[PDB]
Amino acid sequence: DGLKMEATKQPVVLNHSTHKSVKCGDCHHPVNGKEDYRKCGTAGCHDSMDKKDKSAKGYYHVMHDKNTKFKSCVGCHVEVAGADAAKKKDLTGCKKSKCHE
Ligand code: HEM
Ligand code: HEM
Ligand code: HEM
Ligand code: HEM
């Protein structure tokens with residue numbers, strides 16, 4: 001259902017139950033062959049740990065930025081909230097976010 005990306009020391013969570021209307025492929029994208037179901041931060045994938053790095057190797061980049069070939073966590077949440085200001089706050093705000101729990 002909803003996992004916590006914490007191999008050792010790092011809080012966060014993704015509930016597969018609240019995202020049932022999205023195709024698995026949108027997130028688990030087809031790369032250099034087929035759809036890979038491995039963790040996003042493995043060796044040879046998104047392992048770069050510097051936030052100024054905007055290449056496809058960046059970790060902070062693929063989770064927070066807006067201009068990308070595949071929609072990011074923040075990228076898709078903006079379209080979903082639309083004109084509801086109270087809801088845009090809850091899904092894209094930095095302070096006290098449910099994404100970092
Ligand atoms: C579609 C119904 C769907 C499938 C299938 C799928 C599978 C899947 C697996 C096997 C894992 C576990 C990997 C592990 O052992 O850590 C997993 C994990 C994550 N998923 Fe997923 N997933 C499906 C759907 C979705 C959707 C639509 C998204 C994006 C909103 C998504 C995202 C992720 C993420 C992030 C993880 C966590 C990986 C981690 O680093 O812990 N999944 N999924
Ligand atoms: C884990 C479910 C996962 C996420 C989340 C994710 C996101 C993601 C984005 C948003 C991009 C766009 C980058 C850009 O600058 O436009 C992107 C691109 C690539 N990814 Fe990825 N990705 C996830 C997982 C994986 C895994 C497991 C690997 C390693 C096999 C991987 C690799 C790549 C590569 C390569 C690209 C670029 C592909 C291209 O068209 O050149 N991703 N990912
Ligand atoms: C990126 C890996 C990512 C994370 C992390 C994430 C988290 C997240 C949370 C915590 C919620 C809030 C649920 C709650 O209130 O308990 C949530 C909800 C929605 N999301 Fe999401 N989400 C991530 C990725 C994505 C992507 C890429 C999309 C779109 C393709 C997406 C969509 C949604 C939708 C829909 C919701 C529901 C909003 C509602 O009206 O309840 N998320 N996400
Ligand atoms: C608001 C734009 C915002 C900020 C700023 C922010 C910061 C932040 C940091 C510094 C990290 C740690 C990076 C590292 O590698 O050490 C981090 C991690 C994650 N975030 Fe975030 N974040 C902000 C907002 C959001 C929102 C609204 C979401 C969900 C839609 C989101 C998601 C994530 C995810 C996933 C991670 C990785 C979690 C992990 O593996 O520990 N952030 N964020």
Side-chain angles (χ1 to χ4, degrees):
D1 188 350
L3 299 75
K4 172 172 268 59
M5 309 89 128
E6 184 173 288
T8 49
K9 299 168 291 182
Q10 48 189 242
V12 57
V13 66
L14 182 118
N15 259 99
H16 274 101
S17 61
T18 59
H19 290 94
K20 69 174 60 172
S21 68
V22 180
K23 301 175 182 180
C24 324
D26 292 352
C27 298
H28 300 280
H29 69 75
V31 58
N32 200 61
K34 297 179 72 287
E35 291 182 9
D36 185 58
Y37 285 89
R38 295 181 287 175
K39 298 184 68 182
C40 317
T42 63
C45 300
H46 303 287
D47 47 15
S48 186
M49 300 290 110
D50 201 297
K51 70 166 289 185
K52 295 174 180 293
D53 180 359
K54 298 299 178 64
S55 63
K57 294 283 188 177
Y59 187 70
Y60 176 100
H61 161 78
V62 298
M63 301 293 139
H64 302 87
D65 297 341
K66 293 178 178 59
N67 292 113
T68 44
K69 279 190 59 176
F70 301 86
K71 290 170 280 59
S72 63
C73 315
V74 175
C76 171
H77 280 195
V78 174
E79 299 178 70
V80 172
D84 186 341
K87 183 167 289 187
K88 184 180 179 184
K89 186 178 61 187
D90 292 355
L91 300 171
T92 65
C94 316
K95 214 171 302 176
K96 291 191 178 185
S97 172
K98 206 177 185 66
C99 291
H100 305 136
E101 291 186 7

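We count residues from 1, following the sequence as given.
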Scan the side chains in residues 67-84 for donor-acceptor partners under 3.5 Å anywhere in the protein, sequence neighbours excluded, and list what turns up.
unit_1, atom_1, unit_2, atom_2, d
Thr68, OG1, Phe70, O, 2.7
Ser72, OG, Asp65, O, 2.6
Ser72, OG, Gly75, N, 3.0
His77, ND1, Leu91, O, 3.1
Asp84, OD1, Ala86, N, 3.1
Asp84, OD1, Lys87, N, 3.2

### Query
What residues form a ring pair (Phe, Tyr, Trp, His ring centres under 6.0 Å) with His16, not counting sequence neighbours?
none
### Query
With sequence neighbours excluded, what pairs up with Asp90 under the salt bridge (charged side-chain N to carboxylate O under 4.0 Å, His left out) test?
none
### Summary
By side chain to side chain donor-acceptor pair (under 3.5 Å), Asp36 pairs with (sequence neighbours left out) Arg38
### Message
Check whether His28 reaches the backbone of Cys24 with its side chain - one donor and one acceptor, N or O, closer than 3.5 Å.
### Response
no
### Task
Output the distance between atom SG (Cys99) and atom CE (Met5), rounded to the nearest 0.5 Å.
8.5 Å
### Query
In chain order, what residues pass the side chain to side chain contact (heavy atoms under 4.5 Å, CB included) check against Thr18, with sequence neighbours excluded?
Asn15
### Message
Looking at every heavy atom in both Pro30 and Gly25, which two are closest together, and how far apart are they?
### Response
CD-O, 4.0 Å
### Query
Are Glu101 and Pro11 side-chain neighbours, meaning at least one heavy-atom pair lies under 4.5 Å?
no
All N/O donor-acceptor pairs, side-chain side in residues 42-55, below 3.5 Å, sequence neighbours left out:
unit_1, atom_1, unit_2, atom_2, d
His46, ND1, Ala56, O, 2.8
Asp47, OD2, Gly44, N, 3.1
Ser48, OG, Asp53, OD2, 2.7
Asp50, OD1, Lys52, N, 3.3
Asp53, OD1, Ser55, N, 3.0
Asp53, OD1, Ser55, OG, 2.7
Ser55, OG, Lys57, N, 3.4

